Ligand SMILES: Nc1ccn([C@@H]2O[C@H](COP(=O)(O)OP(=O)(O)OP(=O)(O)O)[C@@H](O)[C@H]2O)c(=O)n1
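Just the one chain here, laid out as structure tokens, in the form deposited without this ligand.
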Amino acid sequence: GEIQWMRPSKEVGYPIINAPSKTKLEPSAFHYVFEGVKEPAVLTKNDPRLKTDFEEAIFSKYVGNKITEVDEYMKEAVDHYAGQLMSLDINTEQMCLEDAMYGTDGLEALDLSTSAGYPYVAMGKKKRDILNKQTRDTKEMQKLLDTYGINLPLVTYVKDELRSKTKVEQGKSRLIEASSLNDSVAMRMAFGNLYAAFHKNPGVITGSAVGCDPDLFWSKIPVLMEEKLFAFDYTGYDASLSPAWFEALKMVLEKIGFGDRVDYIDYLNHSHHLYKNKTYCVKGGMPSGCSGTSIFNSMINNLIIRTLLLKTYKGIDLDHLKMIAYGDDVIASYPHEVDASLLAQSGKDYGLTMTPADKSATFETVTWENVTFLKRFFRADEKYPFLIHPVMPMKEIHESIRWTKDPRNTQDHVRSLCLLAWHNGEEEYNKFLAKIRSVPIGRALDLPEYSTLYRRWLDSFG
């Protein structure tokens, strides 16, 4: 991915966009009860904690475009991945406007609790002024569709989130592309049935986990896998993606029947962006906030891995590849061991920078002990060993409970954290409840006992 040009919106007539300059994150009641090292992300360029140039740092992810051509390995990847998906018998018809806007089996509605993007953002127009979920009215959307059309520019924001100390100072803040309501709608008309099919089929056929519940799904995953697992991390996955990857994705879509709308894929590959007082153009790179970015990045992951396997292990039978991606996150398996270290080197050839799974400083053997997916470990229940706990390390929970964007939400926030926390075991869970209840607000919260969670967990399998 690479910035083609950049210039101040003034020279071109695009309006300036102001994000709030301060974080909505404030220390919570439990700030001092738990240890933790993350703080609010750098949002502006005046920030004291900066030890480098902000804009330089945030746009640094656009490392360039390595390849431009679909080679034979990619083409074979394509064929294999397409052939897999054809077995799902995916409905290829357009999704109707009303279903696109207001959701249907497998695809939730548009979020009226979020920005409408360009150009509505420049007129104080919100989604709530256009959509109404109680009537499923499409009349004003259809008109607004005809008026502004599609392929509008994306508004770039800085994500307001916790961030590692190192990342704060080094200014490595993450960017959001706000997709236009128009484009979200047009995308869902074109691909909603694809989205639906994937959401209903988390697993090794889609090669995706979008639509799963980790509570339940974690017990399916080890059955789905092969004997030998492999995994790794990506560095700047989305922005590192070259246009060829977008061509191969089109090919897959042509293959499974979405051929008349692959042109939308071009709009993701070749995007224009408003950031504060600048307008810039990016060729390559998946924009983070477009419609289907979860589905598409995952699909593209399934193509990358097959391609590297073919490049690295000649003649490899891909029918035995069992992998599951969620965006750039992935857990893969083959009947015979595969060396992530070798794939990472082949990856360079295709513009991808691959590092060892979970920030380990060395490429080592992925096992059921140390593998992670969606930030959670795998741990069998001591009573019923075929039941697998998704286990998020307490540390992540600890970092979360220390901040809040609105103390109004304390009860709900902390309860949500308990639902994650208890898979760590009764000893750890009761300790967590202990530290929480060590402040008076803690004692005010209605918090689930371990026993309650375990029983409800077992019961949800039936």
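Sequential numbering from 1, following the sequence displayed.
There is also a form deposited with this ligand bound; it is not shown, and the following applies to it.
- Across the options 209 to 217, 167 to 175, 257 to 265, 133 to 141, residues that bring heavy atoms within 4.5 Å of this ligand in the deposited complex belong to 167 to 175.
- Proximity to this ligand in the deposited complex, defined as a heavy atom within 4.5 Å, singles out one entry of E226, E76, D238, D99, which is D238.
- Checking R163, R379, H199, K322 for any heavy atom within 4.5 Å of this ligand in the deposited complex turns up a single hit: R163.
- Contact annotation for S288: at least one heavy atom lies within 4.5 Å of this ligand in the deposited complex.
- In the deposited complex, this ligand lies within 4.5 Å of some heavy atom of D328.
- Not displayed here, this ligand is kept clear of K348 by more than 4.5 Å at the level of heavy atoms in the deposited complex.
- Within this chain, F373 is remote from the site of this ligand in the deposited complex, having no heavy atom within 4.5 Å.
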